[PDB]
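K.L.:
4 protein chains.
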Amino acid sequence: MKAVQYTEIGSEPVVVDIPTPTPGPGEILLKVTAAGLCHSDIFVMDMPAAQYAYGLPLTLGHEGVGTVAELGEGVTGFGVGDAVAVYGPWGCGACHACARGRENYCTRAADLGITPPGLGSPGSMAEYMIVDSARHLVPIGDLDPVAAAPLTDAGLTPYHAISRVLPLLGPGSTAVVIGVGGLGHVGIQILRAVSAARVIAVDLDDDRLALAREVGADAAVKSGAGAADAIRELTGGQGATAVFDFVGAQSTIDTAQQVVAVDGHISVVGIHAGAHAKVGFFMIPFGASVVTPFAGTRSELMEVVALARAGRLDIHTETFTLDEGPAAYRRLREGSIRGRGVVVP
Amino acid sequence: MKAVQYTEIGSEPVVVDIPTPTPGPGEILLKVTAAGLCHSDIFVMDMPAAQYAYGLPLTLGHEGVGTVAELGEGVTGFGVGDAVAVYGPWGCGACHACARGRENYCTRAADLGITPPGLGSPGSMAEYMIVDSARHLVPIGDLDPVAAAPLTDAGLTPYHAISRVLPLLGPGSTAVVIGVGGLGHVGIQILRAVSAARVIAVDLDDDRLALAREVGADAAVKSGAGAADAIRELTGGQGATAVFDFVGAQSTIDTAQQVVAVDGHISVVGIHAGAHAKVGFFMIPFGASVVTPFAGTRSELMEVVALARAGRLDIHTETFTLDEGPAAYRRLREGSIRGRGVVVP
Amino acid sequence: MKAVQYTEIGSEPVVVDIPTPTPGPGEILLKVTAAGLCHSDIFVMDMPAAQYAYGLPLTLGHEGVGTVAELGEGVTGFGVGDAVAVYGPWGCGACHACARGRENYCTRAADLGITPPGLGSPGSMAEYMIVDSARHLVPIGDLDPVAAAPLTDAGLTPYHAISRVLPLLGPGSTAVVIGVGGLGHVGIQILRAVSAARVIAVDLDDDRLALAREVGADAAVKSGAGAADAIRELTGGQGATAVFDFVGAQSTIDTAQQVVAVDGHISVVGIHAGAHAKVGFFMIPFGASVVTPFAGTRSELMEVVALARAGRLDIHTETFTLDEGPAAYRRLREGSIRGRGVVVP
Amino acid sequence: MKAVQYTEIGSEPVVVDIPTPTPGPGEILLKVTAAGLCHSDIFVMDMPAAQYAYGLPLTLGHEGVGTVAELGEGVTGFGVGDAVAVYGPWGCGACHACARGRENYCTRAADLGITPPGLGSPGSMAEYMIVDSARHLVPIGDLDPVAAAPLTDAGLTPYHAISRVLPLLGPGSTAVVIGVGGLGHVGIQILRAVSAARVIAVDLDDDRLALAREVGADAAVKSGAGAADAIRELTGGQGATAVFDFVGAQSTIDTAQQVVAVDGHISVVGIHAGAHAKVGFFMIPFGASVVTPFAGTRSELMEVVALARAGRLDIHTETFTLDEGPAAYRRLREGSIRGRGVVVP
Ligand SMILES: NC(=O)c1ccc[n+]([C@@H]2O[C@H](COP(=O)([O-])OP(=O)(O)OC[C@H]3O[C@@H](n4cnc5c(N)ncnc54)[C@H](O)[C@@H]3O)[C@@H](O)[C@H]2O)c1
Ligand SMILES: NC(=O)c1ccc[n+]([C@@H]2O[C@H](COP(=O)([O-])OP(=O)(O)OC[C@H]3O[C@@H](n4cnc5c(N)ncnc54)[C@H](O)[C@@H]3O)[C@@H](O)[C@H]2O)c1
Ligand SMILES: NC(=O)c1ccc[n+]([C@@H]2O[C@H](COP(=O)([O-])OP(=O)(O)OC[C@H]3O[C@@H](n4cnc5c(N)ncnc54)[C@H](O)[C@@H]3O)[C@@H](O)[C@H]2O)c1
Ligand SMILES: NC(=O)c1ccc[n+]([C@@H]2O[C@H](COP(=O)([O-])OP(=O)(O)OC[C@H]3O[C@@H](n4cnc5c(N)ncnc54)[C@H](O)[C@@H]3O)[C@@H](O)[C@H]2O)c1
Ligand SMILES: [Zn+2]
Ligand SMILES: [Zn+2]
Ligand SMILES: [Zn+2]
Ligand SMILES: [Zn+2]
Ligand SMILES: [Zn+2]
Ligand SMILES: [Zn+2]
Ligand SMILES: [Zn+2]
Ligand SMILES: [Zn+2]
């Protein structure tokens with residue numbers, strides 16, 4: 001089968017021909033219908049040799065949808081041909097966190113050598129992929145695979161970050177979304193569907209502010225030095241109830257601390273090495289909590305899929321072949337994909 | 001192997017010799033160390049022939065603990081010899097409820113023909129038992145098996161019922177426990193461990209009021225017509241924040257409605273055919289919710305086990321052999337077991 | 001001043017001329033701009049003489065909005081001319097419930113002789129009214145008074161009932177609304193604004209099903225014997241996550257019990273003497289809670305007003321003069337007001 | 001009357017003779033029975049002249065209990081002689097936060113010139129004090145005033161910090177308490193009363209580790225570089241579910257980040273200028289939230305009082321006269337008071 005792999009340290013990924021795998025007991029083989037491109041795949045390829053420990057070769061792609069091709073021994077609950085999304089952050093399945101479906105916060109996965117697809121285990125950028133367990137598949141019915149692949153991380157991650165503080169986002173609340181890309185443009189639409197919060201979007205690029213307005217933001221403001229004062233002019237001086245930072249650079253976190261309300265929330269979702277919120281007295285308002293969330297829970301992926309099936313999420317994508325995989329990663333590095341890149345085998 | 005089975009409709013259970021089973025893919029064989037006796041086994045044996053559909057024969061026992069004897073193909077996460085409790089209310093493992101570990105509220109188990117051990121699938125009253133999946137086992141370490149078997153239902157069910165309204169039970173709150181038997185005497189101890197609620201126990205029998213005080217109730221009162229006024233004398237006339245009725249007879253539910261506070265809770269846990277709360281205006285205080293909960297979640301069983309391991313639960317038991325199984329069920333019918341009956345093979 | 005009063009037992013209310021009151025210390029005098037008509041005013045007038053204890057005469061109207069006319073001694077936080085809604089369910093202000101703004105569940109108001117406006121204290125169906133305390137006023141800014149008066153009960157009561165179980169109403173959930181009148185037509189719009197639940201409306205009258213669709217219900221079905229099966233055909237057989245019954249007749253509660261999902265909720269909001277849910281095993285699904293809520297909290301009234309100011313609530317009203325008050329109550333008895341009746345002085 | 005006042009910038013507080021005040025409309029005069037000494041009074045006296053804006057003179061003491069001496073015009077709900085604790089963080093009483101009793105997070109108090117007693121308004125270190133409003137008094141019944149004064153901040157602040165994440169602290173959880181002084185020794189006892197968490201105390205001083213064990217900590221460990229690993233040896237490697245840092249120095253926050261579990265919580269309660277948590281990827285575990293809470297809510301003070309009345313809180317105090325006030329502040333600066341200092345007029 002054709003696959004896109006990271007083969008040596010520092011080099012760009014290449015297209016290869018490798019064996020189609022076979023499912024052992026409890027496993028499921030999927031024929032891949034769509035694989036998302038995210039910055040997690042870039043992060044893995046930008047590690048120095050001394051820090052890298054995901055193995056070589058590594059099939060990329062941690063966002064994946066497909067159809068069930070073959071069932072391993074003892075697997076029931078799915079038939080051949082069933083369309084399914086892959087739950088990405090694989091946990092042990094047995095700890096207190098995993099027992100509530102919160103495998104994203106599994107306290108044992110590191111020690112057991114359980115790694116997610118595309119980040120240690122083979123990913124979705126191939127004609128076929130193995131899924132370790134039935135509990136990591138979610139049915140998608142007749143949802144278009146191209147629009148569904150982004151739901152497994154571009155949808156799941158913002159959905160989770162929002163869900164952690166949903167009781168704060170009542171009528172009269174304000175939510176700020178910083179960064180209107182793959183994650184951010186889906187986050188705006190989740191906020192509108194599951195809350196009555198007023199939504200203010202922030203980005204560097206005028207074209208991304210246009211995208212923000214297209215997907216339902218109430219206002220959109222230019223990022224940088226003027227952003228904090230512009231956000232406060234919109235909120236009448238009270239501050240934003242919640243800030244969802246999908247950039248996570250030091251300057252965007254600083255903006256978040258300058259606009260968050262007393263008893264509010266900052267969610268640092270975007271990943272920039274070294275950047276951090278400074279949570280201490282006189283540096284942040286009283287009662288304003290801060291967290292770096294990771295991925296999402298099993299039930300949250302099901303809820304994101306239910307939003308898509310009800311017509312509440314317009315996912316903006318650009319489609320690539322497997323041969324175009326390397327080129328699509330270059331496009332992702334330069335920030336020229338409007339929404340989520342998706343590879344179709 | 002020796003086992004206690006229901007073999008014909010209307011007759012008492014008998015001791016039999018049947019095949020020791022073999023675990024298929026995904027399954028685990030346990031050597032049973034302790035099996036609890038509950039009223040669910042009685043309910044099953046008291047069904048008329050036209051209503052019964054659990055199959056004959058049926059190995060009894062839906063409360064169970066054991067040691068892992070054999071792993072079926074593909075099972076990891078457990079080694080041979082590991083001491084484990086069985087999670088009883090088996091769900092499909094795939095629906096929204098099951099994805100949060102709430103298999104007690106699985107919306108699909110009926111349609112798929114998934115039945116709990118002792119209530120359609122073979123139970124724990126035997127030398128060995130099959131468990132369908134690794135996710136239905138919880139490690140217990142060096143906990144005494146006899147004191148651990150009751151935790152799987154006598155512990156789990158009250159823990160769940162309490163957990164549904166735990167935020168109501170702050171300092172200054174009052175919780176009433178009606179019925180101090182297998183479930184009720186564990187429920188009192190859970191309330192004391194996980195809340196600052198004042199606990200008032202209610203029973204017909206002076207010996208059970210003594211048990212209530214032994215396990216930490218702040219007061220204990222006689223059941224019947226005078227119970228409502230006696231409870232109100234203890235609460236200064238304000239009413240009880242929550243009432244956990246582990247009897248569920250019409251007279252105890254009536255008492256619960258007469259004592260519950262405004263914005264309080266009644267949990268109807270005990271099962272008496274035909275009995276029901278009457279929830280309407282002028283029949284119950286404003287904002288007082290009522291529910292019939294069932295069993296508990298996976299994470300809740302783990303929490304109950306953590307309470308036992310920390311020394312917070314003194315489980316009162318009487319021990320029987322497998323040969324004494326039929327006799328022990330007669331003892332349970334007449335209400336002469338002080339706490340939970342447990343069979344040890 | 002002109003006012004509409006209940007003057008003798010069994011008779012219809014009459015228009016009268018009475019003294020304009022003066023505010024004592026802590027009190028505020030409002031010039032009334034709009035007063036809602038609800039069934040609470042009917043209930044008060046339909047009491048037998050032996051049960052009635054609200055005093056005679058009694059100025060009707062427990063839904064009220066106005067402008068601050070005069071401040072009593074020591075009152076700050078409002079200026080003359082400020083537009084305000086009246087928080088209806090007056091509590092003691094000092095107990096545990098009142099300290100969280102939950103004055104609807106005040107445990108002391110009965111014993112202290114604190115009565116709501118229109119139900120023991122003089123109501124809003126007059127040119128002026130006294131409000132006891134500053135904490136019972138909520139600013140409405142430039143909101144149209146006619147559309148704002150219904151918010152104080154037709155808005156507040158459904159908002160509260162929904163808020164009690166909002167975490168259940170995620171994407172993929174279904175909420176059933178029974179009765180599309182004053183409360184029900186606002187309840188549909190609250191569900192759409194603060195959740196992603198699919199909304200199914202139920203009523204006897206085809207004209208009210210039309211109203212339901214106008215205000216955003218996803219489906220609307222005829223009430224009565226066929227309603228349960230019709231609701232289950234729409235939910236694919238799974239049942240409704242929550243049922244909000246704004247009728248509360250025995251037949252509608254029965255329908256609610258036949259459609260509610262496992263681990264769901266029934267809110268009995270409508271008031272029909274004698275009617276009640278029957279909460280017991282085999283009469284309702286496992287884990288399905290039932291409650292009769294009353295009115296709402298202070299913070300909830302503020303949130304309802306914030307929804308109105310954001311344009312999320314289209315309140316259907318018919319306007320009457322004070323002279324037309326008696327006639328408007330006859331219209332309310334026969335069910336010929338489409339939405340909420342409102343009196344404008 | 002005698003009082004302890006800050007009279008000029010940079011100087012120590014002095015004992016003075018000033019007028020006994022009279023209560024205006026809505027106000028209550030208390031005869032003070034006990035006044036706590038906290039670091040908030042130190043912070044106020046250590047401000048440079050250009051930053052100080054609380055006025056001179058300033059009567060110190062923001063922890064206070066007393067008996068009602070005189071009622072201002074229009075005040076009901078209290079009789080002369082009633083024993084009461086003062087709710088410290090005075091809010092406007094009208095905003096969304098204040099309507100839920102969360103006056104600690106009032107968004108409007110600054111703009112309205114409402115200041116707490118001892119921090120802008122006259123405090124409790126005097127024979128008498130004015131309280132602005134009846135809603136800022138909580139009845140204490142026959143509680144010893146000396147043990148009750150600390151409850152208003154040493155009790156309230158930890159109770160609030162704990163309450164924000166109480167659902168995380170189930171059986172099997174671990175809570176770390178850093179700093180066993182006024183706040184910390186009460187925080188340990190709250191954790192034991194309202195949760196089943198294992199409690200690990202941390203301090204620099206062996207005498208304070210002894211105090212931790214006296215008030216019910218399950219273990220006590222020396223602070224500094226080895227504290228992290230010592231806490232992990234006690235938790236079997238999993239990390240602490242929640243860390244309550246009542247010191248808030250950079251070294252204790254660093255310790256907190258090294259021990260907190262995935263999906264856990266750090267509460268930075270102690271105040272050290274410049275110190276802060278660093279919340280960013282690779283510096284803190286996934287999902288671990290951080291906050292600086294302030295004081296507590298009205299309902300939380302009531303709950304703390306209910307804990308004291310049930311015998312769940314042993315408050316360690318040292319008693320001083322008003323003449324000893326200045327000396328007692330010197331003792332507080334050098335850290336030589338074992339628990340909470342309390343002044344008795
Ligand atoms: N926490 C998690 O589990 C998780 C999961 C997935 C992705 N991520 C991270 O989220 C981030 C976003 O991912 P994506 O796929 O949506 O990225 P993307 O490239 O699709 O979009 C980036 C967007 O951010 C904007 N942007 C860049 N710098 C900005 C600034 N200073 N101010 C405002 N806007 C700015 C860009 O204009 C663009 O609109 C990445 O850092 C990624 O690593 C985190
Ligand atoms: N909802 C669930 O998931 C669930 C799970 C397990 C058991 N149950 C049910 O819980 C109930 C109790 O189970 P158990 O094993 O504790 O029973 P048990 O026989 O061990 O205990 C019964 C106790 O209730 C007391 N009692 C009986 N009638 C009473 C009355 N009118 N007033 C006060 N006290 C009275 C008895 O003296 C005894 O102490 C049963 O009805 C059982 O079927 C429900
Ligand atoms: N719990 C509370 O705090 C509270 C507060 C306010 C009102 N209420 C009660 O709520 C109820 C509704 O109040 P409202 O002012 O909206 O009434 P309304 O007269 O404005 O509307 C009643 C609606 O119910 C419909 N209806 C009647 N019988 C029905 C049936 N069997 N099935 C389906 N639909 C039916 C009617 O067609 C009508 O549209 C009243 O009983 C009132 O007393 C309760
Ligand atoms: N956030 C709030 O609302 C709030 C409210 C009240 C007090 N506070 C603050 O809380 C802190 C504690 O107040 P308190 O009155 O209990 O103080 P305290 O002086 O009574 O207690 C200090 C305790 O901390 C210990 N300690 C000091 N430095 C330490 C270190 N580096 N490592 C470990 N332990 C150390 C001491 O040995 C002592 O046990 C202060 O900073 C105070 O300003 C905050
Ligand atoms: Zn990603
Ligand atoms: Zn795990
Ligand atoms: Zn049972
Ligand atoms: Zn299921
Ligand atoms: Zn009404
Ligand atoms: Zn009250
Ligand atoms: Zn303090
Ligand atoms: Zn306020």
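Residue numbers (the entry's author numbering), protein chains in the order written: chain E, 1 to 345; chain D, 1 to 345; chain G, 1 to 345; chain A, 1 to 345. Just so it is clear, CB atoms sit at the ideal spot from N, CA and C, and this is done for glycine as well.
Any C-beta of chain A sitting closer than 7 Å to the C-beta of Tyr52 (chain E)?
P.N.:
As a first step, residue 52 (chain E) must be located in the first sequence, where it is residue number 52. Judged by the 7 Å Cβ criterion, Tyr52 (chain E) is not in contact with chain A.
K.L.:
Following a CB-centred definition, is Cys98 (chain A) positioned closer than 6 Å to any heavy atom of ligand 10?
P.N.:
Counting from 1 along the fourth sequence, the entry for residue 98 (chain A) is found at position 98. No, ligand 10 has no heavy atom inside 6 Å of this Cβ.
K.L.:
Relative to ligand 6, is the shortest distance from any of its heavy atoms to the C-beta of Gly172 (chain A) smaller than 6 Å?
P.N.:
On the fourth sequence, position 172 is the one that residue 172 (chain A) refers to. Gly172 (chain A) Cβ: outside cutoff for every heavy atom of ligand 6.
K.L.:
What are the complete beta strand (DSSP E) segments, minimum 3 residues, inside the region 185-226 of chain A?
P.N.:
The qualifying runs are 198-203 and 219-222.
K.L.:
Verify the CB distance criterion: does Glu73 (chain A) have a CB-CB separation below 7 Å to chain G?
P.N.:
Mapped onto the fourth sequence, residue 73 (chain A) falls at position 73. At least one chain G Cβ lies under 7 Å of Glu73 (chain A).
K.L.:
Ligand 7 heavy atoms versus the CB of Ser267 (chain D): any closer than 6 Å?
P.N.:
As a first step, residue 267 (chain D) must be located in the second sequence, where it is residue number 267. Not so, every heavy atom of ligand 7 lies at least 6 Å from the Cβ.
K.L.:
Is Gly91 (chain D) near ligand 8, with its Cβ less than 6 Å from a heavy atom?
P.N.:
Within the second sequence, the letter at position 91 stands for residue 91 (chain D). Within the cutoff, so yes.
K.L.:
With burial defined as no fewer than 16 other Cβ atoms inside 10 Å of the residue's Cβ, what is the status of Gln51 (chain D): buried or exposed?
P.N.:
On the second sequence, position 51 is the one that residue 51 (chain D) refers to. When all chains shown are included, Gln51 (chain D) counts as exposed.
K.L.:
According to the Cβ coordinates, are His160 (chain A) and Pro293 (chain A) closer than 7 Å?
P.N.:
To locate residue 160 (chain A), count along the fourth sequence from 1; it is residue 160. To locate residue 293 (chain A), count along the fourth sequence from 1; it is residue 293. A contact, by the Cβ cut-off of 7 Å.
K.L.:
Under the three-state reduction of DSSP, which class applies to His265 (chain A): helix, strand or coil?
P.N.:
For the purposes of this step, residue 265 (chain A) is identified with residue 265 of the fourth sequence, where counting begins at 1. In the structure shown, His265 (chain A) sits in a strand (DSSP, three-state: E or B).
K.L.:
Which residues in the same chain as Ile253 (chain E) place their Cβ atom closer than 8 Å to its Cβ, once the five residues preceding and following it in sequence are excluded?
P.N.:
Indexing the first sequence from 1 puts residue 253 (chain E) at position 253. Result list for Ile253 (chain E): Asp245, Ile266, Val268, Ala275, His276 and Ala277, in chain order.
K.L.:
Does any residue of chain A have a CB that is nearer than 7 Å to the CB of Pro171 (chain D)?
P.N.:
Position 171 of the second sequence, counted from the first residue, corresponds to residue 171 (chain D). Chain A contact via Cβ: present.
K.L.:
For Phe281 (chain G), return the contacting residues in chain D, with the cut-off set at a CB-CB distance below 7 Å.
P.N.:
The residue given as residue 281 (chain G) occupies position 281 in the third sequence. The answer, in chain order, is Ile271 and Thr292.
K.L.:
With C-beta atoms as the reference, is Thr241 (chain D) less than 7 Å away from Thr157 (chain D)?
P.N.:
Position 241 of the second sequence, counting from 1, holds the residue named residue 241 (chain D). Position 157 of the second sequence, counting from 1, holds the residue named residue 157 (chain D). No; because the gap between Cβ atoms is not below 7 Å, this pair is not in contact.
K.L.:
Can you round the beta-carbon distance between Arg333 (chain G) and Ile28 (chain G) to whole angstroms, since I take them to be within the 8 Å contact cut?
P.N.:
The sequence position of residue 333 (chain G) within the third sequence is 333, counting from 1. The sequence position of residue 28 (chain G) within the third sequence is 28, counting from 1. Contact flag wrong, Cβ pair sits at about 33 Å.
K.L.:
Measure the C-alpha to C-alpha separation of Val146 (chain G) and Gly182 (chain G) and round it to an integer number of angstroms.
P.N.:
The residue labelled residue 146 (chain G) in the question sits at position 146 within the third sequence. The residue labelled residue 182 (chain G) in the question sits at position 182 within the third sequence. Distance between the alpha carbons of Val146 (chain G) and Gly182 (chain G): 13 Å.
K.L.:
Taking 7 Å as the CB-CB limit, is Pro57 (chain E) close to chain D?
P.N.:
Position 57 of the first sequence, counted from the start, is the residue given in the question as residue 57 (chain E). Answer no: the Cβ-Cβ gap between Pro57 (chain E) and chain D never drops below 7 Å.
K.L.:
I believe residue 349 (chain D) touches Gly270 (chain D) by the beta-carbon criterion, under 8 Å. Please report the beta-carbon distance rounded to the nearest angstrom.
P.N.:
Residue 349 (chain D) cannot be examined here, being either before or after the span of chain D that is shown, 1 to 345.
K.L.:
Give the straight-line distance between the Cα atoms of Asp263 (chain A) and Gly113 (chain E), rounded to the nearest whole angstrom.
P.N.:
As a first step, residue 263 (chain A) is located in the fourth sequence; it is residue number 263 there, counting from the start. As a first step, residue 113 (chain E) is located in the first sequence; it is residue number 113 there, counting from the start. Roughly 20 Å separates the two Cα atoms.
K.L.:
Say the cut is 6 Å; is the CB of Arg208 (chain A) nearer than that to a heavy atom of ligand 4?
P.N.:
Working through the fourth sequence from its first residue, we reach residue 208 (chain A) at position 208. The answer is yes for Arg208 (chain A).
K.L.:
Per DSSP, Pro139 (chain G) is paired with what?
P.N.:
Residue 139 (chain G) sits at position 139 when you count from the first residue of the third sequence. Paired residue(s): G:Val84.
K.L.:
Leaving out five residues on either side along the sequence, give the residues of the same chain with a beta carbon under 8 Å from the beta carbon of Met283 (chain E).
P.N.:
Counting from 1 along the first sequence, the entry for residue 283 (chain E) is found at position 283. Counting only Cβ-Cβ distances below 8 Å, and skipping sequence neighbours, we find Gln257.
K.L.:
Which residue comes first and which comes last in the alpha helix (DSSP H) that contains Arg102 (chain E)?
P.N.:
Residue 102 (chain E) sits at position 102 when you count from the first residue of the first sequence. Looking at the DSSP string, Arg102 (chain E) is not in any alpha helix (DSSP H), and its letter there is neither H nor E.
K.L.:
Below 6 Å, is the gap between the Cβ of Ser289 (chain D) and the nearest heavy atom of ligand 3?
P.N.:
Here residue 289 (chain D) refers to the residue found at position 289 of the second sequence. Every heavy atom of ligand 3 is 6 Å or more from the Cβ of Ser289 (chain D), so no.
K.L.:
To test your reading of the DSSP string, which unbroken alpha helix (DSSP H) runs of 4 or more residues are found completely within the region 274-333 of chain E?
P.N.:
Runs found: 298-309 and 325-333.
K.L.:
Are the CB atoms of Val202 (chain G) and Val279 (chain D) nearer to each other than 7 Å?
P.N.:
The residue labelled residue 202 (chain G) in the question sits at position 202 within the third sequence. The residue labelled residue 279 (chain D) in the question sits at position 279 within the second sequence. No. Outside cutoff.
K.L.:
With H, G and I counted as helix, E and B as strand and the rest as coil, what does DSSP make of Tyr54 (chain A)?
P.N.:
Start at 1 with the first residue of the fourth sequence, and residue 54 (chain A) comes out as number 54. Three-state DSSP puts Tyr54 (chain A) in coil, outside helix and strand.
K.L.:
Of the choices D:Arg108, D:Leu58 and D:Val304, whose alpha-carbon is the least far from that of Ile18 (chain D)?
P.N.:
Counting from 1 along the second sequence, the entry for residue 18 (chain D) is found at position 18. Of the listed residues, the one whose Cα sits closest to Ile18 (chain D) is D:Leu58.
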